[PDB]
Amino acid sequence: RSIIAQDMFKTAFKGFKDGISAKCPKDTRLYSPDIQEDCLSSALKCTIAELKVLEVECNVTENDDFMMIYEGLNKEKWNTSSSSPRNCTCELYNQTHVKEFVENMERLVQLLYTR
């Protein structure tokens, strides 16, 4: 369990989830993938893909926190594997407000560091 990377996520997630809402239109919504055992890989690609939809919806085209989060996801090698993997579809997830989106996102990264 890579405590150095996990702490960089933790702080980047706290220093973003607490500022956000205020940094996005109240009516912004995003598809929030969850942690179903067999859809980890999909759930990762959609999380990254809605980050982009959040990059034009709000400021965050800059932001130390946003860049660390985004860059971490595309470059860290994850164990997203299972015995019965499945292709989820991003638009089949629940849409949510921007703050809950990063919370779930924090939950998806904690899980994949646990395995």
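Note that residue numbering begins at 1 and tracks the sequence as displayed.
A.B. asks: Averaged over C-alpha atoms, is the B-factor higher for 67 to 75 or for 83 to 91 in this PDB entry?
C.D. replies: Comparing 67 to 75 with 83 to 91, the higher average CA B-factor belongs to 67 to 75.
A.B. asks: Higher average CA B factor in the deposited record is what I'm after, so tell me if that's 96 to 104 or 21 to 29.
C.D. replies: Mean C-alpha B-factor is greater for 21 to 29.
A.B. asks: Return the residue from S41, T47, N59, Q36 that has the highest Cα B-factor in the entry.
C.D. replies: That would be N59, according to the entry.
A.B. asks: Tell me, lowest, middle or highest third: where does the Cα B factor of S2 rank within its chain?
C.D. replies: Highest third - that is where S2 ends up once the chain's C-alpha B-factors are sorted.
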